[PDB]
Amino acid sequence: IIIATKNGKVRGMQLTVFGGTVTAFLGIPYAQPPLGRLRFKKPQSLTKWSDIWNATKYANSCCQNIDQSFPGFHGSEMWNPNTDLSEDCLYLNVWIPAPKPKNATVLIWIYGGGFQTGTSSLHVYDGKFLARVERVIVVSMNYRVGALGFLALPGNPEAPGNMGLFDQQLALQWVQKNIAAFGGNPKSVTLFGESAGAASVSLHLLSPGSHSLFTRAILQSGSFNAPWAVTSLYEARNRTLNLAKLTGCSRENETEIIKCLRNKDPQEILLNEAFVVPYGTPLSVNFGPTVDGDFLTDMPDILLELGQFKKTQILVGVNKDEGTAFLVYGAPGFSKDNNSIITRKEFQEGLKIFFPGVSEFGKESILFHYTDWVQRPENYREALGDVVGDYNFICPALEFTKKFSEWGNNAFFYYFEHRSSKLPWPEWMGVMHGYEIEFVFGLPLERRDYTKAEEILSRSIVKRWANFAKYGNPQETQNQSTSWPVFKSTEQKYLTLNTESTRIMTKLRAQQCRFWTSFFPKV
Ligand SMILES: *[C@@H]1O[C@H](CO[C@@H]2O[C@@H](C)[C@@H](O)[C@@H](O)[C@@H]2O)[C@@H](O[C@@H]2O[C@H](CO)[C@@H](O)[C@H](O)[C@H]2NC(C)=O)[C@H](O)[C@H]1NC(C)=O
Ligand SMILES: *[C@@H]1O[C@H](CO[C@@H]2O[C@@H](C)[C@@H](O)[C@@H](O)[C@@H]2O)[C@@H](O[C@@H]2O[C@H](CO)[C@@H](O)[C@H](O)[C@H]2NC(C)=O)[C@H](O)[C@H]1NC(C)=O
Ligand SMILES: *[C@@H]1O[C@H](CO)[C@@H](O)[C@H](O)[C@H]1NC(C)=O
Ligand SMILES: *[C@@H]1O[C@H](CO)[C@@H](O)[C@H](O)[C@H]1NC(C)=O
Ligand SMILES: *[C@@H]1O[C@H](CO)[C@@H](O)[C@H](O)[C@H]1NC(C)=O
Ligand SMILES: C[N+](C)(C)CCO
Ligand SMILES: [Cl-]
Ligand SMILES: [Cl-]
């Protein structure tokens, strides 16, 4: 049907889902296309239109480099943009239950992709299942990534930094001002994302400007305190300048640098983003969030430590094998096409790839902590993966949770350990980074595809995620399920998610994280 929004009318399309119907509005604009003089600037308000805007298909995805490491492989290509790339990419999608709901809780998705890639139109971010099954309204948006989204010149409005985060914020505002018209409750909005998406959600919890645009938060495999999540003002400057040189835009006047960069084609900017860093890693985030003094008013770690953040409930979690996915993008001896049994020497070279500017002592300390074998040919293969996963995702997430809960709010932590039966990647990579997503969005609820055990697991996660959003408590109260306990700094209880048996456990990776959280920061 047609919904009247603050800026004009929009037309959706009906979709058949599980013997029912969901109304989708794909591609609603929420900001002025950031083209020309508007490139690198915070998103500007949109101008009211007349006629009926047709939101019947996904809009353009934002400019970004694509993963070409495995042409023709679904494992990597399922994450690549499935929509035309373009600077004109500030659009959002809405899925609403049918018949129209009266005051439905709203779930807003923020995709990940290291702040360099990603898009809301991916097959695995389809919100129709959630709308259909739990009667919630699902919203997702495209936000600028890479240099076009995070290039920074602190203090300069021509390129202030964090533009992609402000894109996200403008979309949350759109929901605040328009979701009622779709039958949604702007007072019951839960943000949820994965990877850089999760890091973005955690930053919205810290940004005063986002405080009133949402109720609760869900962080899947990511938080701002991850080593790859925030670019230092130092790195940012060197990077903006390196990009300038590489494009022949170096100028005495910094604003002239930007004007120059505003004449380059999106491709020239994308082509040179990779080289702005002397030596990067398969986890490098060339252009990401920075302390801009606007969206972020101080180093986020300080804000977290001193309780300066939105007080509300949070649901946080990570996957069993967060690090494996990155091993095949640079680690010697690794390949998705063999068991990747590596040697001590390869493990050591591996650390060089993942910890480039780290002292020799720092790398030895990582090896000492992870090589105290408990024989087996895959010891080193498994150790490098845990090293990358604990350092980059698991430990930062736990620390974030512990620090956040220390200020009074209920927090729930999960450990996702189920390996999709349809995973394209080899078994040795295990429960990979990004592969709990399809379960959260309820893809396994669709029988035409996944085992029965997977349908049941996805059905529970969906119910838990929905109950969290609506009631702030991730329980599944009807089918004699394990109760999900609150996570406290003392006992640190967490729930495991799998098909076998869900369990309550305590102090995840206790020994490993003491190393990363307490010691490693010093080297
Ligand atoms: C800050 O940037 C300099 C310059 O980086 C180089 O030039 C850029 C345009 C880009 O092309 C990069 O790939 C280049 O590396 C960094 O200095 C470089 O350091 C490396 C050390 O391996 C050296 O080989 C290069 O010759 C240096 N570049 C030059 C010409 O000075 C510098 O390391 C960066 N600062 C940091 C964060 O360390
Ligand atoms: C697992 O494969 C890696 C990657 O090698 C490539 O992919 C293979 C499947 C095969 O098609 C090779 O021809 C390709 O080169 C192997 O790593 C290579 O090992 C050789 C010798 O040890 C070394 O010279 C190369 O530099 C390595 N390449 C990389 C990227 O590290 C590895 O040996 C295989 N391990 C097995 C079979 O268990
Ligand atoms: C929007 O969709 C309607 C109905 O399909 C169509 O009549 C109209 O021309 C469309 N507007 C466009 C393509 O600008
Ligand atoms: C939706 O619920 C909120 C409380 O969460 C209430 O304040 C608001 O008036 C309701 N919206 C409707 C149905 O008008
Ligand atoms: C609860 O159990 C019923 C039947 O036993 C099943 O159909 C349903 O999917 C389950 N609900 C949840 C939320 O798991
Ligand atoms: C980070 N994503 C899951 C979005 C892409 C694959 O790593
Ligand atoms: Cl492709
Ligand atoms: Cl159970």
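By convention here, the first residue in the shown sequence is residue 1. What you see below is based on every heavy atom in this structure, not just the backbone, and it leaves out hydrogens, waters and symmetry mates. Atoms within each ligand, like the ligands themselves, are counted from 1 in listed order.
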Numbered in order shown, the ligand 5 atoms found under 4.0 Å of a heavy atom of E476 are 13 (C)
| query | Relative to the heavy atoms of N479, which atoms of ligand 5 are at a distance of less than 4.0 Å? | reply |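 In order of number, 1 (C), 2 (O), 3 (C), 8 (C), 10 (C), 11 (N), 12 (C), 14 (O).
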Tell me whether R459 reaches ligand 5 (any heavy atom closer than 4.0 angstrom to a ligand atom).
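Yes, that is the case, since the closest heavy atom of the residue is under 4.0 Å from the ligand.
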Starting from [atom], which protein heavy atom do you reach first, and at what distance in Å?
atom                    : result
atom 1 (C) of ligand 1  : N238 ND2, 1.5 Å
atom 38 (O) of ligand 1 : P278 CG, 4.5 Å
atom 30 (C) of ligand 1 : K245 NZ, 4.9 Å
atom 4 (C) of ligand 4  : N185 OD1, 4.0 Å
atom 8 (C) of ligand 1  : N242 ND2, 3.2 Å

### Task
State yes or no: are the ring centers of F115 and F150 separated by less than 6.0 Å?
yes
Counting each atom of ligand 4 from 1 as listed, which ones have a heavy atom of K187 under 4.0 Å away?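 The atoms of ligand 4 under 4.0 Å from a heavy atom of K187 are 7 (O).
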Per-atom filter on ligand 4: closer than 4.0 angstrom to a heavy atom of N103 are 1 (C), 2 (O), 3 (C), 8 (C), 10 (C), 11 (N), 12 (C), 13 (C)
Could you check whether [atom] has a protein contact, counting only heavy atoms that fall below 4.0 angstrom?
atom                    : result
atom 11 (O) of ligand 1 : yes
atom 22 (O) of ligand 1 : no
atom 14 (C) of ligand 1 : no
atom 14 (O) of ligand 4 : no
atom 9 (O) of ligand 4  : no
atom 34 (C) of ligand 1 : yes
atom 5 (O) of ligand 1  : yes
atom 18 (C) of ligand 1 : no

Number the atoms of ligand 1 from 1 as they appear, then name those within less than 4.0 Å of a heavy atom of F275, with their elements.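 What qualifies from ligand 1 is 10 (C), 11 (O), 12 (C), 13 (O).
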Could you check whether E158 pairs with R39 (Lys NZ or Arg NE/NH1/NH2 to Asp/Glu carboxylate O, under 4.0 Å)? no
| Do the charged groups of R464 and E134 touch, with an N to O distance under 4.0 Å? |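 So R464 does not pair with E134 through a salt bridge.
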- request: Examine the proximity of ligand 1 to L246 and report which part, side chain or backbone, both or neither, has a heavy atom under 4.0 Å away.
  value: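 Looking at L246 and ligand 1, just side chain atoms fall under 4.0 Å.
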Does the side chain of [X] pick up a donor-acceptor pair with the side chain of [Y] at under 3.5 Å?
X    : Y    : result
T502 : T482 : yes
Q168 : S200 : yes
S140 : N93  : yes
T255 : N156 : yes

query = Hey, is NZ on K311 packed in by over 12 heavy atoms from elsewhere, all under 6.0 Å?
reply =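 Atom NZ in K311 is crowded, with more than 12 foreign heavy atoms closer than 6.0 Å.
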- Message: Atom CZ of residue position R503 - does it have more than 12 heavy atoms of other residues, nucleotides or ligands inside 6.0 Å?
- Response: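 Not buried by this count: 12 neighbours or fewer within 6.0 Å.
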In terms of heavy-atom contacts, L495 and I504 come closest through CD1-CD1, 3.6 Å
* For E454 and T499, which heavy atoms make the closest approach, and how far apart are they? ->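 Closest heavy-atom pair between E454 and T499: N-CG2, 4.4 Å.
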task = If the plane angle is over 60° it's perpendicular, under 30° parallel, otherwise tilted; pick one for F393 and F326.
result = parallel
- Where does the angle between the aromatic ring planes of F18 and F129 fall among parallel (under 30°), tilted (30 to 60°) and perpendicular (over 60°)? parallel
Next on the checklist: Does any N or O of ligand 5 fall below 3.5 Å from an N or O anywhere on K463, backbone included?
Outcome noted: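 No, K463 has no N/O under 3.5 Å of an N/O on ligand 5.
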